[PDB]
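Scroll down for the structure; my scribbles are underneath it.
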Amino acid sequence: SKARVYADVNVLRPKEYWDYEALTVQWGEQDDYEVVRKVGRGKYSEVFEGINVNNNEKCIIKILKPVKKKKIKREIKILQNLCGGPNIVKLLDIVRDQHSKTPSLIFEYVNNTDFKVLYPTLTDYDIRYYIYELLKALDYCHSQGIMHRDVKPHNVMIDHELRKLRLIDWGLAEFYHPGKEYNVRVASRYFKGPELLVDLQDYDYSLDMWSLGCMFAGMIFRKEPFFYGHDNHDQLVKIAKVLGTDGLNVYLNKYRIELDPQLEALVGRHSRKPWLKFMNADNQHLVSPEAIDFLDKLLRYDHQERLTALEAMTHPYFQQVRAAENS
Ligand SMILES: O=c1c2c(O)cccc2oc2c([N+](=O)[O-])ccc(O)c12
């Protein structure tokens, strides 16, 4: 399997663009940034809000708790290559953290409003708008030969007041190379694509489109997460209970994949459950034929059948967003 788009991006670029291991950081000075308070944590990162001592503006300080250095260079190299892209967080500086020998990434400040409180208030139009903004970020990073691999509400910061969106945490992001087999223990459980769950390792940018689909489904149906599995095996079961096993079967057959016996039994057999079956009084104001058509084209077992970020952006669902933009 290989990406249907942007497959040769890293093939055409200098080895220095994607060879993150050869990266040598220009360590800045730690006293240049002052921590003001904690704001959260990734899987292996402590995040704080700070202030640049020199120019007094606000910044974000992400201390990469022991991640592994190979992994630290990867994230830095990717952030450097993506800086300036639409709706992508911007890396301003890189320093050493006193309490530890942990690198510490300084980002431009991003005001975010917790999605758990924000999402319930978004109107039909707001959802179209923000998803389109997120799509701009994905088509951009894909066009630059990079897969984010951890798309989820938690990594999409939105300033609802200024209507600004930023795709964050590129700690699991990677460079796409045709035919390469990647690790499947990426992304967060609820947003893991079928490829990660059946061990199809030569996956590509399309993985992000599945995760986007999961986020989108949770938003329009007001059910988060939309696929609520309790472990990776159960996650595939939850997906199969909605998309049906008929399609799962065609997929496994196409890619010559054999589900282990345990997982195959857990999956069982299920008929497809119509998207409209998920509509109720709480989400009626968000479920429209265009929303469902767009969603349907994202949540496909076959990663090769999913919309690309560029195609997604031209879907009629976003027609008003584009119209408004062309002015
Ligand atoms: O990983 C990040 C992150 C995280 O894991 C958990 C909670 C907040 C975060 O914020 C970030 C911000 N930010 O808030 O501007 C910028 C870049 C990042 O990588 C992160």
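Lettering and numbering for the structure tokens are positional, with chains as A, B, ... in the shown order, residues counted from 1 in each chain, and ligands counted from 1 in the shown order.
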Practice prompt. List every residue of region 27-261 of chain A that DSSP, applied to the backbone of this structure, assigns to strand (DSSP E or B), and report them as number ranges by chain.
Written response: A: 33-41, 46-52, 58-63, 88, 91-97, 102-108, 146-147, 156-159, 164-167, 174-175
Item to complete: Compute the set of protein, DNA and RNA residues whose minimum atom distance to ligand 1 is at most 6 Å, using only C-alpha atoms and all ligand atoms, and state it as a ChimeraX atom specification.
Response: /A:40-42,47,60,89,107,109-110,168-170
Practice prompt. Enumerate as a ChimeraX atom specification all residues of region 43-225 of chain A assigned to alpha helix (DSSP H) by DSSP on the backbone, naming them with the chain letters and numbers the document uses.
Written response: /A:69-82,115-118,124-143,194-197,206-221
Take the residues that were just selected and, keeping C-alpha atoms, output them as a JSON list (two decimals), in the first residue's frame.
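Full text of out-v9.json as output:
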```json
[["chain", "number", "residue", "atom", "x", "y", "z"],
["A", 69, "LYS", "CA", 16.00, 11.68, 22.29],
["A", 70, "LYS", "CA", 15.48, 10.07, 18.88],
["A", 71, "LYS", "CA", 11.85, 11.05, 19.43],
["A", 72, "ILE", "CA", 12.79, 14.60, 20.53],
["A", 73, "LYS", "CA", 14.72, 15.36, 17.34],
["A", 74, "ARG", "CA", 11.83, 13.98, 15.28],
["A", 75, "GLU", "CA", 9.31, 16.40, 16.81],
["A", 76, "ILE", "CA", 11.70, 19.36, 16.54],
["A", 77, "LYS", "CA", 12.61, 18.58, 12.91],
["A", 78, "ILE", "CA", 8.92, 18.26, 11.98],
["A", 79, "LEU", "CA", 7.94, 21.50, 13.76],
["A", 80, "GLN", "CA", 10.73, 23.37, 12.01],
["A", 81, "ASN", "CA", 9.62, 22.06, 8.62],
["A", 82, "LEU", "CA", 5.98, 22.98, 9.26],
["A", 115, "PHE", "CA", -13.39, 21.16, 23.93],
["A", 116, "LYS", "CA", -15.57, 19.53, 26.61],
["A", 117, "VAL", "CA", -17.16, 22.92, 27.25],
["A", 118, "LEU", "CA", -16.66, 24.46, 23.81],
["A", 124, "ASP", "CA", -23.98, 23.91, 12.77],
["A", 125, "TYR", "CA", -21.94, 26.58, 10.99],
["A", 126, "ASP", "CA", -19.16, 26.72, 13.61],
["A", 127, "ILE", "CA", -18.49, 23.02, 13.16],
["A", 128, "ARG", "CA", -18.17, 23.43, 9.38],
["A", 129, "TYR", "CA", -15.84, 26.37, 9.92],
["A", 130, "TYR", "CA", -13.50, 24.75, 12.46],
["A", 131, "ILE", "CA", -13.28, 21.42, 10.66],
["A", 132, "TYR", "CA", -12.32, 23.32, 7.49],
["A", 133, "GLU", "CA", -9.56, 25.14, 9.45],
["A", 134, "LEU", "CA", -8.29, 21.83, 10.79],
["A", 135, "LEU", "CA", -8.35, 20.42, 7.25],
["A", 136, "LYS", "CA", -6.09, 23.28, 6.12],
["A", 137, "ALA", "CA", -3.51, 22.15, 8.67],
["A", 138, "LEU", "CA", -3.71, 18.48, 7.63],
["A", 139, "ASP", "CA", -3.53, 19.08, 3.89],
["A", 140, "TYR", "CA", -0.53, 21.27, 4.64],
["A", 141, "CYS", "CA", 1.42, 18.79, 6.76],
["A", 142, "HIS", "CA", 0.56, 15.95, 4.33],
["A", 143, "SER", "CA", 1.76, 18.07, 1.40],
["A", 194, "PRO", "CA", -8.67, 0.16, 11.37],
["A", 195, "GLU", "CA", -5.14, -0.11, 9.95],
["A", 196, "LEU", "CA", -3.59, 0.33, 13.41],
["A", 197, "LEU", "CA", -6.02, -2.21, 14.89],
["A", 206, "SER", "CA", -5.09, 8.69, 5.34],
["A", 207, "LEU", "CA", -4.76, 7.60, 9.00],
["A", 208, "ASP", "CA", -5.29, 11.23, 10.03],
["A", 209, "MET", "CA", -8.50, 11.32, 7.96],
["A", 210, "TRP", "CA", -9.97, 8.44, 9.96],
["A", 211, "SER", "CA", -9.16, 10.19, 13.24],
["A", 212, "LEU", "CA", -10.69, 13.37, 11.81],
["A", 213, "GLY", "CA", -13.76, 11.30, 10.96],
["A", 214, "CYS", "CA", -13.97, 10.05, 14.56],
["A", 215, "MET", "CA", -13.72, 13.59, 15.93],
["A", 216, "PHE", "CA", -16.30, 14.84, 13.42],
["A", 217, "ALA", "CA", -18.76, 12.02, 14.23],
["A", 218, "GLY", "CA", -18.47, 12.78, 17.94],
["A", 219, "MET", "CA", -19.20, 16.46, 17.18],
["A", 220, "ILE", "CA", -22.26, 16.11, 14.93],
["A", 221, "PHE", "CA", -23.77, 13.25, 16.94]]
```
Fill in: Pick from A:243, A:319, A:158, A:261, whichever lies nearest to residue 298 (chain A) using only C-alpha atoms
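For residue 298 (chain A), the nearest of the given residues is A:243.
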Item to complete: Please provide the set of residues having any atom within 10 Å of region 178-192 of chain A, restricted to only C-alpha atoms, with same-chain residues fewer than 6 positions apart removed, written as number ranges by chain.
Response: A: 1-3, 6-11, 148-153, 172, 198-204, 207-215, 224-236, 238-239
Item to complete: In Å, rounded to a single decimal, give me how far CA of residue 223 (chain A) is from CA of residue 263 (chain A).
Response: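 Going from CA of residue 263 (chain A) over to CA of residue 223 (chain A), I get 25.2 Å.
Between residue 53 (chain A) and the candidates A:35, A:114, A:174, A:67, the tightest atom-to-atom separation, counting only C-alpha atoms, involves A:35.
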